[PDB]
Amino acid sequence: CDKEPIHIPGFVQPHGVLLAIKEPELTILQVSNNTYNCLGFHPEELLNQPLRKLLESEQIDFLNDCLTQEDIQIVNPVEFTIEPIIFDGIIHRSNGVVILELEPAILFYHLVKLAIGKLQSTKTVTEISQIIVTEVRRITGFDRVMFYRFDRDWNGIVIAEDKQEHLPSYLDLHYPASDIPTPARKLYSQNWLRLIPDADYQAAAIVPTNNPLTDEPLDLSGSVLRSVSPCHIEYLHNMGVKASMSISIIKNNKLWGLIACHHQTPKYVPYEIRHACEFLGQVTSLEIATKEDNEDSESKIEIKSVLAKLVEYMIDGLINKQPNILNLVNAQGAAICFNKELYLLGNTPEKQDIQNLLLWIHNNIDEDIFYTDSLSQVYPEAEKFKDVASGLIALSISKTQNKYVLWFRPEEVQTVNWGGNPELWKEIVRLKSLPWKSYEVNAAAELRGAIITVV
Amino acid sequence: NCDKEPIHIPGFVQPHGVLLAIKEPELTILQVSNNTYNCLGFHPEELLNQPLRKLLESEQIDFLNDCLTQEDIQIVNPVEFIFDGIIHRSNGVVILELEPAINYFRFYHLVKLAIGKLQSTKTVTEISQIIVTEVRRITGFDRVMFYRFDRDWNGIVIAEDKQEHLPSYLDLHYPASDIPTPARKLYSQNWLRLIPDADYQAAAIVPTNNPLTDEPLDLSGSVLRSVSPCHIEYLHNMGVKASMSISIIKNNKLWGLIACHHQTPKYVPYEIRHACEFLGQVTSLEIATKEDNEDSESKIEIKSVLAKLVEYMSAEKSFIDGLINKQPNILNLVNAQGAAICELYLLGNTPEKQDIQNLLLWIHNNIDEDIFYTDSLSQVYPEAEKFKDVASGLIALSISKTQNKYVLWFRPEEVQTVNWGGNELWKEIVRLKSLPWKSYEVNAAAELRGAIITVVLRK
Ligand SMILES: C=CC1=C(C)/C(=C/c2[nH]c(Cc3[nH]c(/C=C4\NC(=O)C(C)=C4C=C)c(C)c3CCC(=O)O)c(CCC(=O)O)c2C)NC1=O
Ligand SMILES: C=CC1=C(C)/C(=C/c2[nH]c(Cc3[nH]c(/C=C4\NC(=O)C(C)=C4C=C)c(C)c3CCC(=O)O)c(CCC(=O)O)c2C)NC1=O
């Protein structure tokens, strides 16, 4: 599945025409199969003929001036005419042979400028998600538009949705990482927009399948007409999705998420709308990456500040004054266990249970800092106090002196709603606290030296 | 003072257009610019609490209602009433601005080519030169300058495309006083601004207050809004009789301005205006992407330097020998040219012994923080003037304030020659001051203190 090269299917979607054209002669090296019905010329009539076979010398002068540019895509939304049939066209190099793609014409900043400032006023990522799904639905008119964030395991989840009122909601449904394989994620990373105008499309083959000069298969990663994987066309047929459009939300040059637009009737997206939506991806990708670092750096500076108030306080100021020890790592409870002395704070396991956990940590843990979001899986007795200390951060200030600090977090029962995973599927996570942030555990490890310093 | 001027409600508008403040949804023309009688054939008193239908054809107000049904009217701008109309709701009454209506295939083609050239850039300076060149090629203004703002809100001409004979204002800093806070906010709201004729006589709106609510007409969204007198006096002072500006915006803050200037009067059509405004939006997103990626690269390499330093401290008998002798060393962490780990251990271009000893004396006697930094050590410690050549910028890292365990970084003085346009030329020499410390460098210094204490307590 991840081994399958979707980027070189050897086929294209019927609605457009593909022409791999070598340069400088502009000889037509490769064509699709729908070159006849769409362009009139039969596929054998076009092969190895120079591009002047179907284009005017003035349009060819235009295309050659486009070839002079450092990147041809600066001119990309080209308009050619070939019965004065009109075609929007896409130009891009791949394996040297310039791919040209023709989609028939339909007879833009105002559409986006509302959305740009509407995104500029956002505060949280979820606001960006809801605003962008609503705006993409209003611009496109798709029956369904879902913002779909990837997680640390590259699982999907419908973080936002805007749909037909009669359609079922897929909100906050998780999907397995298998549903979007690695080659698909790479093509989404390299393509701002992906389009499947009709799920019932009969693929037209690229004849010859290989480039006549190089024998290499034609690379179609940047091709807007690239054939869909049947493994996904069958999935669209299962859902009734006769039209599909994905906008790749990218952050740190990697696929932060997707915006999927499913339409029950088959739907062709005008280039002026594709320009409006592909531009909206750059705005959403920037507003998300900017809002995310603000929530993280402000969280990181805040954890750094409460440690500073703790250091100036100093056992006295750790458990007493307003920025207390459990504020440092956002714990629910805490226990300072110095020798036979025990200082509880917040909600903690009873003193016998804490002494048992301390004997366990003295036997097992061999590091100054140890942390888990589910203590029950390593210290099974913790199941009795899962509701006060499902999560633990042990800070062994001194192994020989029996000096420990134990942060405690309550169980966080999670109800993960999958669309199947190896129909609806609830997954009930339990004995698991809210996971520790990395900076919280780093501040907890730093607190050991901050405690030793005040001797 | 100048920062407390309500420029958004002059009560007047630029003569070249006609403003009509109409109350929704009756299309009742509550307010008109006084110049209606000349360019419209209708006296200002003829359209007061009158329906808009008396002035516009019913075939055109039928489209206007379909525009008003939308959540945002601006999608329909410019309406074709021969006049170009701009509709935008503001302060109750919707505003209808009418301008005379002035093929153009090369214009849109080079517009998209300019958008692609902006997307092909890799540094902010390339975006600056490209956007000024393209806006000049699109508009024909005699002068086009990119005007980046300072953290002190000083301007600076970072890019310029001007006439061959015109003076170059490049690199000239300008005082923040030139752009008062309300003007900065209005430029943060209105993305494009035009004064077609600096010598214009303002057209008053009758009534000045809203007839139904005794409120000023909020011209903040108006494209015909009259300029404040001070800006027009400056336009007379340097003789540019027509101006355009494109707001560059990042994080909802005015990151800069693309100032256009013309010796002759110029009347930019709404099509070229909207194209330049979209180019400014593209330039804003591109500059934000470049700056964020550059900050991410510098932060990642600084974290890698810190990780290598921690690995050296964990793989050497004394951590000072892993911080100094090994490469990357402690200088790589904060981009310093000198260092001194206090005993004492020098590294690189540092003040000589007894000079650094006096610096540690002043540090123990005065500084009262875990970490301290300044780009001009001499102005808080005069003795540093004797060694400003090697240590004008300092980072004092208080590993242990009590027993005097310190780490100091040093930067040489970098003399700056700030060529000001005002308090004509006003060159200002800045000395006794090193290059400014970047915030991530100070963060790396504090993280180095924490990692040093951790590896020390490992012993
Ligand atoms: C309710 C459940 C549910 C799931 C799981 C789901 C997954 C899923 N699979 C794909 C495409 C999707 N899926 C696959 C491949 C596979 N995927 C597989 O599960 C297997 C076995 C293969 C094949 C080996 C590919 C290669 C692509 C990308 C195709 C393209 O965009 O051209 C998308 C993107 C759809 C679009 O952009 O139009 C989604 C959301 N959608 C849903 O609604
Ligand atoms: C020779 C070069 C040159 C300079 C330096 C210049 C100044 C200048 N001052 C302002 C803002 C600027 N400046 C002021 C005000 C003031 N101005 C003052 O000198 C004082 C003392 C005040 C305050 C009382 C205002 C009110 C505005 C905003 C005007 C507006 O758009 O409403 C702009 C941006 C306005 C626009 O986009 O047209 C410019 C270009 N224009 C030029 O052509």
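Residues numbered from 1 in each chain as written, not as in the entry; some residues may be left out. Chains lettered and ligands numbered in written order. Heavy atoms only, no water.

**Here's the deal with the overall build of chain B**
When helices and strands are counted, chain B shows 11 helices and 21 strands. Overall size of chain B, expressed as C-alpha extent along the three principal axes, is 90 × 45 × 45 Å. By the burial criterion, 52% of the 459 residues in chain B qualify as buried. (Helix = DSSP H or I, 4+ residues; strand = E, 2+ residues; numbered from the N terminus. Buried < 20%, exposed > 50% of the residue type's maximum accessible area, 1.4 Å probe, protein only.)

**A short note on the sheet that holds strand 2 (residues 17-21) of chain A**
Residues and elements named next belong to chain A. Strand order across the open sheet formed by 5 strands is 3-2-6-5-4, with antiparallel pairing between neighbours. The open sheet is flanked by strand 3 (28-31) and strand 4 (78-81), the only strands paired with a single partner. Taking each pair of neighbouring strands and ignoring which way they run, the sheet shows an average axis angle of 30 degrees. Packed onto the sheet, helix 3 (residues 57-68) meets strand 4, strand 5 (86-93) and strand 6 (98-104) and runs at close to 155 degrees relative to strand 4. (Pairing = 2+ DSSP bridges. Axes fitted to C-alpha atoms, helices over the stretch in contact; angles between N-to-C directions. Contact = heavy atoms within 4.5 Å.)

**Focus: the sheet that holds strand 18 (residues 393-400) of chain B**
What links the strands of a sheet is backbone hydrogen bonding, and the strands pair in either a parallel or an antiparallel sense. Residues and elements named next belong to chain B. Taken together, the 5 strands give an open sheet; going across it, the order is 16-15-19-18-17, and neighbouring strands pair in antiparallel fashion. Across the chains shown, the open sheet's two edge strands, defined by having one partner strand only, are strand 16 (346-348) and strand 17 (371-374). The sheet shows a mean angle of 10 degrees between the axes of neighbouring strands, taken without regard to direction. Across 4 bridges, the pairing between strand 15 (residues 338-341) and strand 19 (residues 405-411) is antiparallel. Across the sheet, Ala339 pairs through a bridge with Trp409, a residue of strand 19. Across the face of the sheet, helix 10 (residues 355-366) comes into contact with strand 15, strand 18 and strand 19 while running at roughly 120 degrees to strand 19.

**Description of the domain arrangement of chain B**
All names here are of chain B. Looking at the assigned domains, one finds that chain B contains domain 1 (7-99), domain 2 (102-292) and domain 3 (294-415 + 431-458). Summarising the inter-unit geometry, the C-alpha centres of domain 1 and domain 2 are found 25 Å apart. Taken together, the contact pairs 36 residues of domain 1 with 38 residues of domain 2. For the domain 1 face of the interface with domain 2, the top three residues by lost area are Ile7, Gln14 and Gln31, together amounting to 22%. At the surface where domain 1 touches domain 2, the tally comes to 1 salt bridge. (Domains from an automatic or database assignment. Buried area = accessible area lost by both parts, 1.4 Å probe. Salt bridge = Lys/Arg side-chain N within 4 Å of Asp/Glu carboxyl O.)

**Some thoughts on the packing of helix 5 (residues 125-140) of chain A against helix 8 (residues 271-313) of chain A**
Residue and element names in this part refer to chain A. Look at helix 5 against helix 8: their axes get within 10 Å of each other, and the N-to-C directions meet at 175 degrees. By the angle between their axes, helix 5 is roughly antiparallel relative to helix 8. Each of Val125, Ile128, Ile132, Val136, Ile139 and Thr140 in helix 5 lies in contact with helix 8, whose residues at this interface are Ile273, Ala276, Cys277, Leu280, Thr284, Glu287, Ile288, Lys291, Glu292 and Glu295. Across the contact of helix 5 with helix 8, the residue classes break down as 10 nonpolar, 2 polar and 4 charged. (Parallel < 35°, antiparallel > 145°, perpendicular 65-115°, else oblique. Nonpolar A, V, L, I, M, F, W, Y, C, P; charged D, E, K, R; others polar.)

**Some words on the site of ligand 2**
All names here are of chain B. Around ligand 2 sit 15 residues in total, of which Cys2, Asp178, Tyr187, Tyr234 and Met238 are the nearest. A distance of 3.5 Å separates an oxygen atom of ligand 2 from a polar atom in the side chain of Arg225. Within the contact set of ligand 2, an oxygen atom lies 3.3 Å away from a side-chain nitrogen or oxygen of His231. Protein chains shield 82% of the accessible area of ligand 2, which is 890 Å² for the free molecule. Looking at the shell around ligand 2, the elements with two or more residues in it are helix 5 (181-189), helix 6 (229-238) and strand 13 (242-250). (Near = heavy atom within 4 Å. Polar contact = N/O pair within 3.5 Å; in protein donor to acceptor, adjacent residues only side chain to side chain. Areas by Shrake-Rupley, 256 points an atom, 1.4 Å probe, with all protein chains shown as cover.)

**Points about the environment of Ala199 of chain A**
Residues and elements named next belong to chain A. Its location among the elements puts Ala199 in the loop between strand 10 (193-196) and strand 11 (204-205). Under the relative-accessibility criterion, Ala199 is labelled buried at 1%. Sequence separation between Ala199 and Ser229 is 30 residues, and the spatial gap between their C-alpha atoms is 11 Å. Excluding residues that lie within four positions of it along the chain, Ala199 makes contacts with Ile233, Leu236, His237, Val241 and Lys242.

**Notes on the packing of aromatic side chains**
Taken as a whole and judged by the stated rule, the model has 18 aromatic pairs over all chains. Geometrically, the ring pair formed by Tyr104 of chain B and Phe107 of chain B is edge-to-face, given 5.9 Å between the ring centres and 80 degrees between the ring planes. Over the aromatic face of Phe142 of chain A sits the side chain of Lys267 of chain A, whose NZ or CZ is 4.3 Å from the ring centroid. (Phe/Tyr/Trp six-rings, centres within 6.5 Å; stacked < 30°, edge-to-face > 60°. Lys NZ or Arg CZ within 6 Å of the ring centre and 35° of its normal.)

**Digging into the packing of helix 3 (residues 105-119) of chain B against helix 4 (residues 124-139) of chain B**
Residue and element names in this part refer to chain B. Here helix 3 crosses helix 4 at 175 degrees, and the two axes come no closer than 10 Å. Judged on the interaxial angle alone, helix 4 and helix 3 are roughly antiparallel. Across the interface between the two elements, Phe107, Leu110, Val111, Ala114, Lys117 and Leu118 from helix 3 touch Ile127, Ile130, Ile131, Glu134, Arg137 and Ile138 from helix 4.

**Digging into the state of the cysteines**
Each disulfide consists of a covalent bond between the sulfur atoms of two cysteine residues. Residue and element names in this part refer to chain A. Overall, the coordinates contain 0 disulfides over all chains when judged by the stated rule. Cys261 takes part in no disulfide bond, and the closest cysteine sulfur to it belongs to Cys277, at a distance of 6.8 Å. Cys261 gets classed as buried once you look at its relative accessible area, which sits at 0%. (Disulfide = S-S within 2.5 Å.)

**Quick look at the nonpolar core**
Counting 71 residues, the largest nonpolar core has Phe147 and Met245 of chain A together with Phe146 and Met244 of chain B as its most contacted members. With 9 residues, helix 7 (residues 270-313) of chain B is the single largest residue contributor to this core. If near-sequence neighbours (up to four positions away) are discounted, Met245 of chain A is found in contact with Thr140, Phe142, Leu193, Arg194, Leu195, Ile259, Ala260, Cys261, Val269 and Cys277 of chain A. Core analysis: the next-biggest nonpolar cluster, separate from the first, contains 31 residues, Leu333, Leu347, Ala451 and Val455 of chain B among them. (Core = buried A, V, L, I, M, F, W, Y, C linked by side-chain atoms within 4.5 Å.)

**Focus on empty space enclosed by the protein**
The volume enclosed by the largest cavity comes to roughly 190 Å³. Lining the largest cavity are 16 residues; nearest its centre among them are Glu287 of chain A together with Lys250, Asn251, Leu285 and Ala288 of chain B. Counting residues per element, the lining of the largest cavity draws most heavily on helix 7 of chain B, at 5 residues. Residues that form the lining of the largest cavity fall into these classes: 7 nonpolar, 6 polar and 3 charged. (1 Å grid on protein atoms, 1.4 Å probe; cavity = no way out; pocket = protein on both sides within 12 Å on 5 of 7 lines; lining within 4 Å. Points joined across faces, edges and corners; volume = space filled by probe spheres on them.)

**Here we look at the interface of chain A and chain B**
Counting from both sides, the interface comprises 25 residues of chain A and, opposite them, 30 residues of chain B. With both chains or domains summed, chain A and chain B bury close to 2,400 Å², and 60% of this area falls on carbon and sulfur atoms. Ranking the residues of chain A by area buried against chain B places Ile74, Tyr109 and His110 of chain A at the top, with a combined share of 28%. Linking chain A to chain B there are 4 salt bridges. Residues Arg138 of chain A and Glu71 of chain B are paired through a salt bridge, measuring 3.7 Å at the closest nitrogen-oxygen approach.

**Here we look at the site of ligand 1**
All names here are of chain A. The immediate surroundings of ligand 1 are formed by 18 residues, with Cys1, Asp179, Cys231, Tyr235 and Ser244 found nearest. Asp179 places a main-chain nitrogen or oxygen 3.0 Å from a nitrogen atom of ligand 1. Between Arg194 and ligand 1, the recorded distance is 3.1 Å, taken from a side-chain N or O atom to an oxygen atom. Expressed as a share of its isolated accessible area of 900 Å², the protein-covered part of ligand 1 is 84%. Mapped onto the shell around ligand 1, the elements with two or more residues apiece are helix 6 (182-190), helix 7 (230-239) and strand 12 (243-251). Examining the composition of the shell around ligand 1, we find that 4 residues originate from one element, helix 7, more than from any other. Among the residues forming the shell around ligand 1, the class breakdown is 9 nonpolar, 6 polar and 3 charged.

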